[PDB]
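Here the structure comes first, spelled out in structure tokens, and everything after it is commentary.
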Amino acid sequence: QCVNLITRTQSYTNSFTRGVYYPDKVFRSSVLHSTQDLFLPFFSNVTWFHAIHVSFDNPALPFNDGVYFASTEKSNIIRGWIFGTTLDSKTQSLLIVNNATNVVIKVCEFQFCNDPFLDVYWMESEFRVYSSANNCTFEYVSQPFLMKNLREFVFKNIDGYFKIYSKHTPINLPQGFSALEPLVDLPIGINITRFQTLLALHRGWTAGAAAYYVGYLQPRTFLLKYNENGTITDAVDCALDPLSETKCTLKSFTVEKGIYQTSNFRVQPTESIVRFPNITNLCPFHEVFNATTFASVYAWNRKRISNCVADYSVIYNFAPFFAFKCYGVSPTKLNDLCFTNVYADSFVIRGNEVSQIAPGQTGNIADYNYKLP
Amino acid sequence: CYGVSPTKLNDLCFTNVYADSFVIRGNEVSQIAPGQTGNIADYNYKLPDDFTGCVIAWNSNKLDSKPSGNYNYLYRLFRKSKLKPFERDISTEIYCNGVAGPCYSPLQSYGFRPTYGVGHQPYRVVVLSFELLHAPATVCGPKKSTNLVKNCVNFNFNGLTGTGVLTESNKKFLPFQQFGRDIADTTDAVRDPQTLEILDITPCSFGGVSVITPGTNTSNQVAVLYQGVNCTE
Amino acid sequence: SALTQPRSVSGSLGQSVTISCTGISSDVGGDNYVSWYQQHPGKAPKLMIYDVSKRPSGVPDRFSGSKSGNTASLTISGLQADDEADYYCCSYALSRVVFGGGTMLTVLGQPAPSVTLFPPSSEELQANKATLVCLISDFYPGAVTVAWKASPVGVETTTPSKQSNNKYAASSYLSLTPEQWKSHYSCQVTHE
Amino acid sequence: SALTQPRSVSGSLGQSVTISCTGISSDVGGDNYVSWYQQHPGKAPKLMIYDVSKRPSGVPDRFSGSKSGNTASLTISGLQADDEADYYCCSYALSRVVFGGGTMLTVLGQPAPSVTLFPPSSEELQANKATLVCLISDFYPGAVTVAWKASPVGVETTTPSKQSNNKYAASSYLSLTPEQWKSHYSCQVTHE
Amino acid sequence: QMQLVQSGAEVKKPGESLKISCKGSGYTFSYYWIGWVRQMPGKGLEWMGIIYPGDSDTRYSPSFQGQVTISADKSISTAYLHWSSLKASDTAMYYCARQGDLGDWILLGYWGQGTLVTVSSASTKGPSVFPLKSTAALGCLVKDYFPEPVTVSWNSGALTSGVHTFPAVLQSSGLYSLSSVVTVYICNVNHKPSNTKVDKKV
Amino acid sequence: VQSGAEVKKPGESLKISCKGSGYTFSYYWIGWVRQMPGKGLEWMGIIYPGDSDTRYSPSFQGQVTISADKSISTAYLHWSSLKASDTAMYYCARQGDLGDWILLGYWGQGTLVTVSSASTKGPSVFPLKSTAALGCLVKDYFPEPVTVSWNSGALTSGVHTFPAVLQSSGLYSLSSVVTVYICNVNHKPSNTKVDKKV
């Protein structure tokens with residue numbers, strides 16, 4: 001079924017120093033390490049959502065460069081996250097269900113409802129989130145994820161690999177630092193743009209409320225501080241304020257009195273401009289590769305080619321080549337360049353004699369028939 | 001094999017090896033490499049610039065080709081944007097109205113026939129993606145393990161070769177941490193694959209050797225000064 | 001591009017003919033990709049002229065070709081009685097051959113046709129049929145008037161004829177009923 | 001791995017039958033590498049079901065298959081008399097062809113066996129032999145018992161017959177001496 | 001000397017997808033290109049494509065990219081054509097040609113015997129023969145036959161001198177007719193599409 | 001149509017064949033599958049018409065080789081140092097345009113090779129109240145593939161042939177009936193034909 005029951009409101013809260021996690025699984029102690037990866041900026045304005053069912057209104061939240069999920073609901077309501085780009089059974093979509101034991105992580109072509117939820121009836125939910133899914137490719141089952149306690153999550157999708165970070169720290173978003181640990185790294189290879197949480201309720205639907213935090217990650221650079229035990233206790237957001245930039249440049253948390261020259265500022269470009277000649281006539285390239293008979297070696301003929309749109313992509317469909325060595329230019333990055341005049345030197349030589357067609361070579365064909373500078 | 005050797009591969013360990021399998025056209029085997037551009041790269045299968053592994057590919061004209069036309073292999077020709085590295089797109093939408101004819105179908109098929117010579121024959125590609133890093137190794141080579149000795153021997157922990165002494169460490173390695181790294185970017189501690197104990201890696205004893213000698217025209221007896229090293233070491 | 005050729009040409013015995021054909025393309029490596037073929041009516045085509053600078057084996061020396069820009073010419077000397085056939089130009093510079101519209105070579109010369117009559121058999125008369133056949137042959141022109149006398153009289157006939165013995169013939173089949181056949185006939189023939 | 005199939009099944013005319021097939025492996029590239037073959041007793045095998053998601057050419061629409069994990073099933077409807085044949089499921093996921101344990105399709109329906117007795121010939125009696133042959137045929141059920149009377153009487157018999165007329169047949173050859181045969185026989189046949 | 005031969009003429013209906021073959025001998029067949037030429041009645045020649053018997057690097061004309069395919073059996077040195085979805089526009093003569101040692105790979109050195117494919121819908125109507133004061137010569141008439149390739153002989157071909165055959169004449173009703181006379185007798189007519197031989201005496 | 005199966009002893013390197021039609025022996029896979037009496041099919045290997053990239057089953061790597069003839073499109077098999085358990089019905093199958101390269105689209109006729117060492121004892125025929133039907137009897141013959149005909153095959157309707165019965169002495173016995181006459185018996189392993197009239 002597909003019923004719109006869950007409603008959601010929005011609010012804002014300041015995330016002082018939350019969202020720090022280990023960039024790599026290496027042990028470091030009593031050393032300041034600088035890393036560049038997707039992190040949560042300090043003192044950012046994260047959105048605090050409030051979901052409540054009184055007994056459409058909850059659109060899918062964007063997933064621009066990962067997201068940071070946090071929730072202090074100590075009743076086990078959050079039971080997974082939906083990941084996808086269109087969520088209408090057009091492409092693959094990641095579905096995570098964080099139940100009591102042996103959670104299931106499967107990506108398929110789900111037909112998600114407007115307001116997905118789990119209907120616990122105890123018996124597990126009958127999967128009212130999706131209508132049907134048959135063309136699935138990957139499935140993963142492992143231990144539950146983090147089975148007043150605060151739970152934090154970080155999801156990233158880089159080069160097809162989906163990285164999950166999580167760490168539970170008891171609280172009395174308070175101040176301090178709490179680094180997250182890498183828990184699950186699974187490959188999906190799918191485009192993720194929108195995401196939505198799952199609220200668990202019992203079924204005559206039982207009323208309830210839930211609150212969680214959502215923060216969007218950005219490519220940042222942090223200066224992590226490792227104590228003697230090997231745990232992150234402090235961090236510096238080099239792009240927050242110029243003081244933090246000086247701290248990252250000096251690689252120290254204490255900056256003495258003075259003037260320091262930080263990185264230079266540069267005005268970023270607003271748009272791209274492409275300027276090419278207005279020639280539109282096709283190229284005579286379809287007059288040399290489809291020739292009946294070439295000339296001899298001593299009488300090699302060349303064809304001057306000018307005033308054309310040289311689309312070299314039509315050459316690959318004819319036949320492969322035993323030698324496609326391009327000197328100074330790349331075979332793939334060839335349709336995005338201009339040339340003064342291109343001459344196609346066509347000649348037929350013996351098979352074993354194809355060794356001297358190159359700069360600086362010598363032989364019977366090079367020194368007497370055809371020489372390249 | 002990018003970053004690894006095709007022959008020196010049975011002596012290393014890996015975290016998780018994924019074998020990507022797909023068949024492309026013969027003349028279209030040019031973009032299976034980091035940083036390449038083209039139709040199959042930007043629309044079908046893209047490799048990251050930091051790729052590490054062996055891109056195995058061979059001809060399969062005798063298996064994936066039929067004279068009557070083997071149309072069961074498709075390829076995406078049109079797409080709204082370029083494909084990211086290690087991304088999959090199986091959607092059958094038309095790149096207008098509900099049907100094509102004016103927008104066209106982006107899922108074209110290969111005309112795999114034995115009549116077509118080299119360049120149009122199907123080629124099977126097996127991308128053995130390797131990730132060798134500080135992550136705990138789950139797959140290794142056929143090399144057998146030896147007994148562990150502590151307190152100056154050569155060690156080999158999951159392919160990490162070196163020379164030094166091993167001592168009982170008092171560190172607090174996390175379950176997902178396998179190797180340690182000091183300021184000098186060297187390995188100072190490592191976790192054994194068999195036993196979960198942590199052992200520190202310290203280089204063996206060394207020091208400068210300064211020879212104290214008078215003029216050769218006076219005598220031939222010399223003195224040796226082991227600077228920085230105690231007499232008991 | 002498409003090759004252009006005259007559909008019908010006129011010649012004579014002992015004269016020369018220069019078949020023209022334009023629309024020839026060229027590619028890198030040469031421009032002499034011109035060849036000619038001869039196909040007699042009802043026979044397989046035969047290669048007569050290829051690489052006009054040279055001549056094939058077995059082909060008589062009276063056949064020759066030449067090139068002038070994008071226009072080629074086929075020169076045939078001494079048109080004999082058995083030279084009446086079709087000729088086509090071929091260009092294979094772009095790895096694709098193309099043929100012209102066809103040049104039907106006809107010759108003129110010095111030529112009273114023979115007229116015979118044959119009544120139908122009894123097997124057709126018993127089946128309510130009557131096919132009156134008038135046979136005309138021994139005439140040089142490729143056209144002849146066929147008719148019958150009742151006043152001058154379905155009926156079909158073929159004006160041209162194959163060159164089996166360097167001559168032309170004609171035939172017609174007047175389909176009528178046996179009653180109309182026995183009610184009276186004489187074949188009416190008119191020559192140019 | 002080896003494919004497991006039921007050794008014998010019992011269908012019915014007009015009803016359906018589902019032949020199971022377990023132990024099917026799979027490799028990277030798909031899991032629908034399941035095909036069935038139809039082999040008549042003593043005849044040439046014919047491809048009947050392959051790629052169950054599709055339908056082969058020439059095979060009637062009353063044949064279909066399904067997939068459920070590592071277990072497959074062959075759904076056959078409209079059982080007839082000529083449908084009695086052997087069926088085997090095949091798996092070719094790892095580029096290796098494997099076959100099941102063999103399946104025999106039997107159908108039920110509405111079925112008096114023909115009992116005949118023949119005395120030994122003169123050529124057998126001249127060779128000091130006396131063979132008493134009792135022939136049994138034209139019986140649909142597979143229940144038959146052969147016995148002779150001398151007081152009850154080497155002797156061999158074969159219950160199954162060859163698929164030639166869609167009917168079962170059995171025969172027994174009692175070999176005795178002519179002196180003991182002339183000193184006295186009757187054939188006793190028990191059938192449902 | 002090198003020889004080349006094709007299969008017999010065939011007449012099919014639109015939708016039968018007939019197949020033709022060509023066999024050569026006396027030379028290394030796997031090292032000479034071979035193709036086919038389309039010739040419609042009353043118009044110029046048309047080229048479909050060629051094939052290399054060693055490796056079938058088939059090259060088709062842009063006007064024949066989705067209408068016919070060319071194949072060759074390297075095990076017996078025999079080419080094979082396959083027409084998909086035959087229509088009324090395929091009633092043309094098919095002449096085969098080879099490379100030869102005269103010109104380039106595309107130059108047609110020699111030619112074959114040719115195969116006629118006539119598209120019809122008369123269901124291959126059977127032929128009929130009828131015989132014919134002036135005596136002197138005798139003749140026979142063949143009427144009510146739809147297929148074109150019909151030949152007439154005299155006494156099973158035993159008499160050749162004085163024998164003459166005139167071209168067929170197509171009537172407005174859709175039936176052909178031809179006349180064959182002999183200088184003076186049983187006239188024998190053989191129908192290739194139906195393999196029926198009719199005997200008639202004047 | 002396939003060649004007959006001659007009774008051979010282990011170590012004589014017999015040969016089997018099969019004739020197929022309806023395709024081009026250029027790029028279509030083709031192989032051989034055997035079937036022993038009392039068991040199912042067993043895939044041995046396949047061969048390619050061009051470069052013979054033969055792929056044999058793990059249980060048939062060094063037991064049988066493929067020697068099919070390409071010039072006549074007739075398949076053949078070669079053996080060396082055979083065994084007694086090699087008696088099986090060999091079926092020739094090809095790829096076909098129906099499925100993949102490994103899928104078998106068509107099948108041959110199949111020939112049951114017989115291996116024995118009983119010296120190929122010659123057969124014997126003996127004749128037999130219904131008149132109305134008659135019959136004949138065939139006894140004292142070791143080889144199994146023995147067929148019986150009536151009037152050299154002039155009568156086909158109302159004729160039935162019962163399977164042979166295995167005797168205790170190793171021989172067999174067959175019975176035949178005909179609706180009513182000379183009964184003809186042909187013995188392939190011994191090339192002996194015996195005629196009998198009731």
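A note on labels: chains of the structure tokens are A, B, ... as shown, every chain counts residues from 1, and ligands are counted from 1 in their shown order.
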
Quick one: everything within 8 Å of segment 76-84 of chain C, counting only C-alpha atoms, minus sequence neighbours fewer than 5 positions away in the same chain. Send it as a PyMOL selection string.
-> chain C and resi 11-18+40+62-64+104-107+166

Could you list, as number ranges by chain, every residue of chain D that has an atom within 12 Å of an atom of chain B, counting only C-alpha atoms?
-> D: 27-30, 95

If you measure from atom CA of residue 50 of chain D to atom CA of residue 23 of chain F, what distance in Å do you get, rounded to one decimal?
->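 Taking atom CA of residue 50 of chain D and atom CA of residue 23 of chain F, their separation equals 20.1 Å.
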
Within 10 Å of chain F, which residues of chain E are there when counting only C-alpha atoms? Please give them as a short mmCIF file (atom, residue, chain, number, x, y, z; two decimals) with C-alpha atoms, in the first residue's frame.
```
data_model
loop_
_atom_site.label_atom_id
_atom_site.label_comp_id
_atom_site.auth_asym_id
_atom_site.auth_seq_id
_atom_site.Cartn_x
_atom_site.Cartn_y
_atom_site.Cartn_z
CA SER E 71 27.85 -15.50 -46.91
CA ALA E 72 30.32 -18.11 -48.13
CA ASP E 73 31.17 -21.63 -46.96
CA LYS E 74 34.95 -21.85 -46.73
CA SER E 75 34.74 -25.62 -46.14
CA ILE E 76 33.39 -26.25 -49.66
CA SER E 77 34.21 -22.95 -51.45
CA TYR E 80 25.39 -18.38 -50.12
#
```

Every residue of segment 138-227 of chain A that DSSP places in strand (DSSP E), as number ranges by chain = A: 138-142, 149-158, 161-170, 181-187, 194-202, 208-216, 218-226
